[PDB]
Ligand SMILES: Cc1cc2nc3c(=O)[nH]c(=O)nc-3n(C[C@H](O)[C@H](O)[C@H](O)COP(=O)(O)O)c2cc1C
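A lone chain, given as structure tokens: the form deposited without the named molecule.
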């Protein structure tokens, strides 16, 4: 019976790089009302989960492009407080935030999330990132650098250290015996004394366990070391794949990685992203999808493409065809995700830089756009789920808050009527909704 999650940047773009220009986009990303509407709506639709990405710098891989146009991370509210905002005016919905292990210490993370877990009565989850981008570092004044795979080694200790902090109290530690004078059993709140290879945390956490026990672990995963890590730690996995073939592979692989780590593969829920665009008739929808992708300024997509590929494409003029870039530099010395994308996005065509950017801003090259009816969006979700594509689906928003209104009003009751999706919330915590253990 299928999970659903939302996901969007607390700011100007998620995957659709024209979203902000959309006639129906509010741009209320500065305002609490915007986040409260979205979340309440996903709660209305009985979604498992809504979670926020994070980036700690305006992307400059100058400011002409990122700020002037609507570039990735140009506005980025701190996710945790927005998650808190959301949790206040909702009672079942799962809520998740990205917090980095490279820039934040384990005690902070341990507390931040145990607070939100308690404030929300067990509905919280942390998305563990480990990236050490430069543009982010220069905002945090961090220069120390550790190698990609070592960051995940560190992160393993990080998570062990946090888990200890979430175990520092224990079910039944907090008595509130006013009469007898006992605030809590001191035997049952132990020091952690985490002293290990990368991190020190001594004193116990100052937040007991929510009804949920611990926050739910989210992991992007993706890299080879990354999938060992998800394998060990992830309970829900956020994955972006452009078709059912790649979906199926990523799915089986995560499951293998969870099982190789000595875990139950059913206890780690894998989500793939899609970007639905609804119409009353299929034709409407297609026209609505054309509208949407037409808003993407070429330079902004290119900006993001540049960043993602790790190769400044501003260097070149916008008419430059792609093979002439693969010419100017080495056909070896040209990153592989990039050559892949440009074959796929053009289907064999030798696109100009602007076109390539235009299309990359559409999704982020790899998020399926599904233009359809509601019946058809439900069909496709059920087919993919029944085909082994994922345990649930992240719903990327074309524009906010409207598309989430559309999807919850239109597609959700169809999913419910067919029996493949939750009609009422059976439990109260996020761990119950994803069907996980303690």
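Numbering follows the first chain given and starts at 1.
According to the record, the deposited sequence contains 1 to 3 residues between residue 61 and residue 62 that were left without coordinates. Stretches compared: 308 to 316, 363 to 371. Higher mean C-alpha B-factor in the entry: 308 to 316. If you average the C-alpha B-factors over 345 to 353 and over 119 to 127, the higher value belongs to 345 to 353. In the PDB entry, the Cα temperature factor peaks, among 88, 325, 95, 110, at 325. In the deposited coordinates, the residue among 207, 189, 99, 274 with the greatest CA B-factor is 189.
Sorting the modelled residues of the chain by their CA temperature factor places residue 245 in the highest third. For residue 419, the recorded CA temperature factor ranks within the middle third of the chain's modelled residues.
Sorting the modelled residues of the chain by their CA temperature factor places residue 33 in the middle third. Remark: residue 396 belongs to the lowest third of its chain, ranked by C-alpha B-factor as recorded. Residue 260: CA B factor in the middle third of modelled residues in this chain (values from the PDB entry).
Keep in mind that the form solved in complex with the named molecule is missing from the display, and what follows is about it.
The named molecule is not drawn, but in the entry with it bound it has a heavy atom within 4.5 Å of residue 148. The shortest heavy atom separation between residue 372 and the named molecule in the entry with it bound exceeds 4.5 Å. Using a 4.5 angstroms limit between non-hydrogen atoms, residue 59 is distant from the named molecule in the entry with it bound. Interface residue remark: residue 53 is counted as part of the site for the named molecule in the entry with it bound, having a heavy atom within 4.5 Å.
Only one listed stretch (286 to 294, 197 to 205, 159 to 167, 233 to 241) carries heavy atoms within 4.5 Å of the named molecule in the entry with it bound, and that stretch is 233 to 241. Using a 4.5 Å heavy atom cutoff, 98, 130 and 152 all lie near the named molecule in the entry with it bound. Between the options 222, 77, 249, 327, the residue in contact with the named molecule in the entry with it bound by a heavy atom within 4.5 angstroms is 222. Of the residues 226, 73, 298, 213, just one reaches the named molecule in the entry with it bound with a heavy atom at 4.5 Å or closer; this is 226.
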